[PDB]
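One chain is shown next in structure tokens, namely the form deposited in one PDB entry.
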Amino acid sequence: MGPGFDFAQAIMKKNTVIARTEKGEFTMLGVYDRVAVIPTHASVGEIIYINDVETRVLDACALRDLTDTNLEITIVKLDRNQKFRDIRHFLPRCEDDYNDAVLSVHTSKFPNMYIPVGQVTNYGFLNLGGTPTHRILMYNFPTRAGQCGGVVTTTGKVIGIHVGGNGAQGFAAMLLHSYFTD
């Protein structure tokens, strides 16, 4: 309906797939080549399903910062026969706050779902299901089950992936350009 949903849609239509692990279905964001991200609580193994295709996991890394604290991002390299459109130029380089964010989800249940979550705060520390976690973004939408992996964008930037909620707020792990240098 506006430039926010326009950018969100462009990212969803080319750079997402439906990942399925032993812990169910997830919005998975493809970043470049065969490299994608998913919440660490997805518990990626040796094998994953991508758009309902048995796919070997060539590598999987659950990111932590240099304080040895969880970031709740798992970077996955997929044994896929096709490369993602490279979107690393849409990743912010620094931790920051944002206005007018959209949280975008695509599953079998929730296809083509776009939520205007509004103002985003650099929240920082969060105790996420008992795990100390850093670089958390917070927004004031009562998000729900099946929205995890959801992509958070602003007009111009892909800023994080949805990793949880407390019924009043939602929380995203930051995506930083430095995570995907090669």
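The numbering used is simple: start at 1 and walk along the sequence shown.
Enquirer: As stated in the PDB record, which stretch has the larger average Cα B-factor, 132-140 or 29-37?
Expert: For C-alpha atoms only, the mean B-factor is higher in 132-140.
Enquirer: What stretch has the higher average Cα B-factor here, 63-71 or 142-150?
Expert: If you average the C-alpha B-factors of 63-71 and of 142-150, the larger mean comes out for 142-150.
Enquirer: Consider only the C-alpha atoms of the modelled residues in this chain, order them by B-factor as the entry records it, and name the third containing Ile115: lowest, middle or highest.
Expert: Its C-alpha B-factor, which the entry lists for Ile115, ranks in the lowest third among residues of this chain.
Enquirer: Give the position of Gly160 by CA B-factor within its chain, expressed as the lowest, middle or highest third.
Expert: For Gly160, whose C-alpha B-factor we compare with every modelled residue in the chain, the answer is the lowest third.
Enquirer: Comparing against every modelled residue in the chain, figure out the third that the C-alpha B-factor of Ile18 lands in (lowest, middle or highest).
Expert: It falls in the middle third of the chain.
Enquirer: Sort the modelled residues of this chain by their C-alpha B factor and say whether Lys109 lands in the lowest, middle or highest third.
Expert: Answer is highest: the recorded C-alpha B-factor places it there.
Enquirer: Classify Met12 as lowest, middle or highest third according to the C-alpha B-factor given in the PDB entry, relative to its own chain.
Expert: Middle third.
Keep in mind the form deposited with a small molecule bound is missing from the figure; the text below concerns it.
Enquirer: Just checking whether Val35 would be counted as a contact of the small molecule in the bound PDB entry - the rule being heavy atoms within 4.5 angstroms.
Expert: So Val35 counts as contacting the small molecule.
Enquirer: Is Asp59 close enough to the small molecule in the bound PDB entry to count, meaning some heavy atom within 4.5 Å?
Expert: Yes, contact at 4.5 Å.
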